[PDB]
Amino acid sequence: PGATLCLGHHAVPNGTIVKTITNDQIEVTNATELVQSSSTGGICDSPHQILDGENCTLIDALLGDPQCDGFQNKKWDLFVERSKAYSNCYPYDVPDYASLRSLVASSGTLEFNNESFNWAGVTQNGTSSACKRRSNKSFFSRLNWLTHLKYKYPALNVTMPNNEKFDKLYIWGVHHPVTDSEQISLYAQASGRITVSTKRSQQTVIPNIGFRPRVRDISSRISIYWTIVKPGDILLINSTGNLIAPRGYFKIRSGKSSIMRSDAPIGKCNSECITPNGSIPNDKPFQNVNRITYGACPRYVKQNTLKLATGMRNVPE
């Protein structure tokens, strides 16, 4: 009679369909998903240092909008900007806004150091009812609105050397009055001009008098500029009116900091990968949650699923 000896392999009742080079649908015994397609919905506060902007854009926190005083000198790995954020100070613009936002975001600090600028012969600390703190007239915390002193505004020609080891970031502005009479009222002369320089750079800005649509009841504007001063270089501000003066400098660092627009709530939890939709697990190589990511993240792809076979072809009985 003898014997029979059969060689074989396993199978399962519940196989999974995968793609191959020669067939778009072949059943295997098991597979694993390579695309992360879900988020928790919240941004985990760990292990990156998260700073929720709340009502403040980064730029408003930089300048010192009345609603942003709690942000002074804070650092972040990721600054989270909310869609509801709005300004509540003097109406302003920033030529190149995107670049200033980017460079501050990347620096990852609002560390500010006051300096003693000699603003000889003018009135300091101007305020406005468009920028209140506690119902008092106020202004951006990091800027100094200079006006005439006894109807004189003598030329400013002011120096500030950088004798530090690090670069200094200076934020400053120009005031664009609504009318010729507002110009004379504030600065005691018919126009102004501002030249801000270092040994290696120069910027000059001319105020432009005229009506813009009222924002927080103001038809004038401030335009914001910036200047970086290297170790052993010197900031020189030369102006005859309309200067929104710096009060000091921001530290500028390099590192892994960034900024993200998101309305996701921040949670007490730990996740390396952040998207605007919330944190996502990072076990998988790919993800289809968002092209926008921060941290150790899977790579964004268009597919919502990619199944890797982890078993043989399934050939059921």
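All residue numbers are counted from 1 along the displayed sequence.
Relative to its counterpart among 256-264 and 37-45, 37-45 has the higher mean temperature factor, C-alpha atoms as listed in the PDB entry.
Looking at mean Cα B-factors across 127-135 and 89-97, the upper value is held by 127-135. For the set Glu111, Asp77, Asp180, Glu81, the PDB entry assigns the largest Cα B-factor to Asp180. Considering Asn162, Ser223, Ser197, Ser141 together, the PDB entry gives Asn162 the largest C-alpha B factor.
Among the modelled residues of its chain, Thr227 has a C-alpha B-factor that falls in the middle third according to the deposited record. The PDB entry assigns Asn270 a C-alpha temperature factor belonging to the middle third of its chain's modelled residues.
In the deposited entry, the Cα temperature factor of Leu103 places it in the lowest third of its chain's modelled residues. In the PDB entry, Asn55 places in the middle third of its chain by CA B-factor.
Sort the chain's modelled residues by C-alpha temperature factor and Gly2 lands in the middle third, per the entry.
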